[PDB]
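Next up: a single chain in structure tokens, the form deposited without ligand APR.
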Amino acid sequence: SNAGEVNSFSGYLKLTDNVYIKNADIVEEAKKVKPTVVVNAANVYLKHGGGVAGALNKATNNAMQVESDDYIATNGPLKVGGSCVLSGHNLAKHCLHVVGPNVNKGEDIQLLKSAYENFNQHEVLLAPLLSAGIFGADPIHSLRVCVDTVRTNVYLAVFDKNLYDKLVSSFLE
């Protein structure tokens, strides 16, 4: 890897005492920062074909999917709102696979609070906005649940510049 120190976050905007945000690609952030923990936007079967999960898995050259398939065959699926800790491969020491509700598929948005409570077992995390994208939840709402629920230090990477700008505007109202 590059020779930088681990957990080297740069250029984030501090929103609260423990929540930070950056307009960035989470894969490029993982490579630059070398965090202890990267959060995956997982589904219950740990099938990483799409969304953030697909980007993370591709950046591990499919090692994340191989490990996840081995895990599920023995250990069974996660629950919505739940998490597991598997290897971070080349991206991080650990990957916290967190299942936000998929409101495009009828799941209860209330489970987003449970989803973010998984972050509180880790002192500092690189993460995407939970339940965004293929999961269908309103990103402004997801940021509010994050701020209200996470107590540990979270560094959120949002790649779409227009969505970033709307999140920051929303939060500063």
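Numbering starts at 1 and follows the sequence shown.
The same protein also exists as the form deposited with ligand APR bound; that form is not shown, yet it is the one meant from here on.
Participant: Taking 4.5 angstroms as the cut-off for heavy atoms, does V66 touch ligand APR in the bound PDB entry?
Facilitator: The answer is no: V66 has no heavy atom within 4.5 Å of ligand APR.
Participant: So in the bound PDB entry, does any heavy atom of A115 sit within 4.5 Å of ligand APR?
Facilitator: Contact check for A115: no, nothing within 4.5 Å of ligand APR in the bound PDB entry.
Participant: Contact between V147 and ligand APR in the bound PDB entry at 4.5 Å, heavy atoms?
Facilitator: Contact check for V147: no, nothing within 4.5 Å of ligand APR in the bound PDB entry.
Participant: Can you check whether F135 is within 4.5 Å of ligand APR in the bound PDB entry, heavy atom basis?
Facilitator: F135 belongs to the contact set for ligand APR.
Participant: Taking heavy atoms and a 4.5 Å limit, what residues of 139 to 157 are near ligand APR in the bound PDB entry?
Facilitator: Heavy-atom contacts within 4.5 Å come from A157 alone.
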